[PDB]
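First, one chain by itself: the form deposited without its partner chain, in structure tokens.
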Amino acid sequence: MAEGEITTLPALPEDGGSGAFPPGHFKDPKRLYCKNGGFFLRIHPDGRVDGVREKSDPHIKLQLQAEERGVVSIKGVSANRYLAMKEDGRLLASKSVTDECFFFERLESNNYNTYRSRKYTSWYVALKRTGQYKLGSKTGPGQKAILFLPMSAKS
């Protein structure tokens, strides 16, 4: 019965209350659930970024934070490392947060979200269909792998 994380997850608290983009829900971690192939993102301790269906993996607990305006700093709790994109397309994590760790979160009207790379706005973060990280060069429009659905771990 406990098959899951903690506290009933099926729920939609705060239906709105005027407030969705500004700070107001970045106090608790958020599970990044990808709609393409239904896969959750998970930063391995080795920095290798991948994805797994096990929604119980206590490693999927990524600590996200808001910064400036529209930008968001991602951080790993167990991995204790900040996500960072490379120049060729290899995605990995590190202990120090460099300017190559931000991601513009463009929320669309489909309740979904798209994390675009900053140092390289010519690509977006998207996984494949086996939990592998799609190269930053093979990523682009057309693929729905950019539709993310971060669920806040409130209740």
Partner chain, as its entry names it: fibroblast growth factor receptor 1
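Positions refer to the first chain, counted from 1.
Omitted here: the form deposited with its partner chain bound. The next part is about that form.
In the entry with it bound, its partner chain lies within 4.5 Å of some heavy atom of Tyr112. Taking non-hydrogen atoms only, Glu105 approaches its partner chain to within 4.5 angstroms in the entry with it bound. Although the partner is absent here, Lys86 lies well away from its partner chain in the entry with it bound, with no heavy atom inside 4.5 Å. Contact between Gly37 and its partner chain in the entry with it bound is found at the 4.5 Å heavy atom cutoff. Heavy atoms closer than or equal to 4.5 Å to its partner chain in the entry with it bound belong, across 61 to 78, to the residues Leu64, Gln65, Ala66, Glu67, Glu68, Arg69, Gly70, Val72, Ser73, ordered by sequence position.
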